[PDB]
Participant: 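Quick one: this structure, given as structure tokens, is what I'll be asking you about.
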Amino acid sequence: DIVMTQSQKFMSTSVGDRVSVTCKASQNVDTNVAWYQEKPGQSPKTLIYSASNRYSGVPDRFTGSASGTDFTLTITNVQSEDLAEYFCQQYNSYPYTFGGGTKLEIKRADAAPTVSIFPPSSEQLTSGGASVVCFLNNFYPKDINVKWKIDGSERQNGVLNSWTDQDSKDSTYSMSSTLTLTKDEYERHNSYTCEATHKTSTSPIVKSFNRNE
Amino acid sequence: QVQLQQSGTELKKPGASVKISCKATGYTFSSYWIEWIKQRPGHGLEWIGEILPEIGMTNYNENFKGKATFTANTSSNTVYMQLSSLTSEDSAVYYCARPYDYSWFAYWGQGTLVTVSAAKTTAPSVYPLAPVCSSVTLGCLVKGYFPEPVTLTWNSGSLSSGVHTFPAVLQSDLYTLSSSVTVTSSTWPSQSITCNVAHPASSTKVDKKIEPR
Ligand SMILES: *[C@@H]1O[C@H](CO)[C@@H](O[C@@H]2O[C@H](CO)[C@@H](O)[C@H](O)[C@H]2NC(C)=O)[C@H](O)[C@H]1NC(C)=O
């Protein structure tokens with residue numbers, strides 16, 4: 001089956017600039033290729049078809065092109081409402097196949113994450129469980145990594161990670177990591193520390209606490 | 001004008017089957033193929049197959065043969081897709097599409113969320129997260145509800161600034177969601193900050209005041 005490969009899963013752009021989304025077909029699809037846009041929590045929308053032709057109700061900033069097996073979606077004077085994921089599709093032979101998708105984001109200056117560590121609520125401890133919450137806020141670029149150390153001993157077991165989409169107002173990212181465990185093994189140990197490896201720091205940023213205070 | 005109207009959100013047992021509907025209105029329903037597309041997070045867009053309502057003739061992605069079955073009702077202008085033997089894989093948003101004429105898709109439906117889990121409706125537990133004992137960051141943990149969504153505000157939604165509500169994640173069958181709020185270390189504890197969580201599915205509406213440790 002025909003494989004549509006979009007190399008770039010993320011693309012860092014800014015308003016009033018041109019951005020070019022790249023797709024290659026693994027065989028000859030001719031010009032039978034279309035481009036769709038999708039924004040979080042919304043149906044896809046048709047942009048381009050037969051590789052260069054704009055569908056109705058689409059801005060003049062979007063244009064398609066093809067050379068051989070190489071298909072380009074081009075956006076000029078890129079705008080905030082253009083931030084979305086872009087998929088290419090081949091209709092040349094069945095089954096129809098889509099590229100992996102490309103997500104546009106707005107580039108900005110980097111920021112180290114603002115990191116906070118929260119011990120289990122007394123409410124939660126009184127119900128029988130333990131969750132340790134580490135927040136890493138307003139950082140950039142989105143890529144970041146989190147480690148949990150119990151008394152220095154790393155724990156990858158039982159960690160729950162969540163990420164915000166890029167922040168529409170300040171254009172940064174933020175994520176949350178919840179180390180979950182049983183109250184027993186929690187009250188067993190003493191130091192609880194979470195370390196954050198991100199682009200903006202030489203030495204991993206590390207927030208910790210010891211149990212009783 | 002051409003309009004495709006899909007049926008509503010589904011939640012099913014693993015092993016069960018679901019049947020999605022799409023009502024096509026504004027054109028001659030029978031002349032046009034209807035397409036079915038699967039959108040899984042992390043899995044992009046996948047073409048399921050098509051059906052020509054006139055004679056009910058079907059073309060399935062070899063992937064989905066036996067998983068998907070298309071039927072058309074030409075008196076109701078409706079097309080159905082049945083998914084049998086449901087699993088975790090089949091949890092996704094399903095779109096129906098109509099091509100402009102015969103190939104690339106011009107018109108899309110709004111989608112159908114189908115969630116497949118052994119889970120039953122569960123009201124969340126809400127834990128206030130206060131700092132370890134200039135600027136100050138508090139949180140709210142909502143643990144173990146189902147189904148999505150829950151909605152979380154801060155002080156009845158009247159603190160909108162410095163707020164981060166993170167996408168929920170699945171743990172032990174159920175959803176866990178966190179929120180963080182930031183205020184000037186001057187403004188708290190001084191002023192009451194409360195997190196308000198609602199779960200219409202269980203009829204849970206709970207308020208939890210963040211208090212100093
Ligand atoms: C196609 O849709 C029509 C219209 O809804 C269905 O006709 C219905 O049939 C049911 C059961 O026979 C009746 O309760 C309704 O009164 C009918 N609705 C109408 C508007 O006539 C029909 O059953 C559907 N076709 C098939 C084979 O399912």
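Just follow the structure's listing: the first ligand is 1, and inside any ligand the first atom is 1. Naming: A, B, ... by sequence-line order, numbering from 1 per chain.
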Participant: Within the protein, is there a heavy atom lying under 4.0 Å from atom 14 (O) of ligand 1?
Facilitator: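 Flag for atom 14 (O) of ligand 1 set to false, no protein heavy atom closer than 4.0 Å.
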Participant: Determine if the distance from atom 19 (C) of ligand 1 to the closest protein heavy atom is below 4.0 Å.
Facilitator: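 Under 4.0 Å from atom 19 (C) of ligand 1, zero protein heavy atoms found.
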Participant: Does atom 1 (C) of ligand 1 have any protein heavy atom closer than 4.0 Å?
Facilitator: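 Yes, there is one.
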Participant: Using 30° and 60° as the class limits, which term best fits the ring planes of B/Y175 and B/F146: parallel, tilted or perpendicular?
Facilitator: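 Ring orientation, 0 to 90° scale: parallel.
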Participant: Would a 4.5 Å heavy-atom cut-off, applied to side chains only, mark A/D167 and B/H164 as touching?
Facilitator: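 A side-chain contact under 4.5 Å exists here.
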Participant: Any protein heavy atom under 4.0 Å from atom 26 (C) of ligand 1?
Facilitator: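 It does; a protein heavy atom is within 4.0 Å.
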Participant: Under 4.0 Å between a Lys/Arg side-chain N and an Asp/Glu carboxylate O for A/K199 and A/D143?
Facilitator: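 Between A/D143 and A/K199 there is no salt bridge, as every charged N stays at least 4.0 Å from the carboxylate O atoms.
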Participant: Any heavy-atom pair between the side chains of B/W104 and A/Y96 that's under 4.5 Å?
Facilitator: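 When only atoms from C-beta onward are counted, B/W104 and A/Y96 do not touch, as no gap falls below 4.5 Å.
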Participant: For A/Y36 and A/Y86, I'd like to know if the aromatic rings sit close, meaning centre-to-centre distance below 6.0 Å.
Facilitator: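 No.
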Participant: For ligand 1, which atoms have a heavy atom of B/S76 less than 4.0 angstrom away?
Facilitator: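 So the answer, numbered in order with elements, is 1 (C), 2 (O).
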Participant: List the steps and the verdict of ring pair (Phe, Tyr, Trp, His ring centres under 6.0 Å) for A/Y55 and B/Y100.
Facilitator: CA-CA 10 Å; A/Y55 186 44; B/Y100 196 69; 5.7 Å; yes
Participant: Within the structure, does at least one protein heavy atom fall under 4.0 Å of atom 22 (C) of ligand 1?
Facilitator: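 When distances to the protein are checked, atom 22 (C) of ligand 1 has a heavy atom within 4.0 Å.
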Participant: Please could you name the atoms of ligand 1 that B/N73 approaches to less than 4.0 Å, counting only its heavy atoms?
Facilitator: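 Near B/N73, meaning under 4.0 Å from one of its heavy atoms, ligand 1 has 1 (C), 2 (O), 3 (C), 22 (C), 24 (C), 25 (N), 26 (C), 28 (O).
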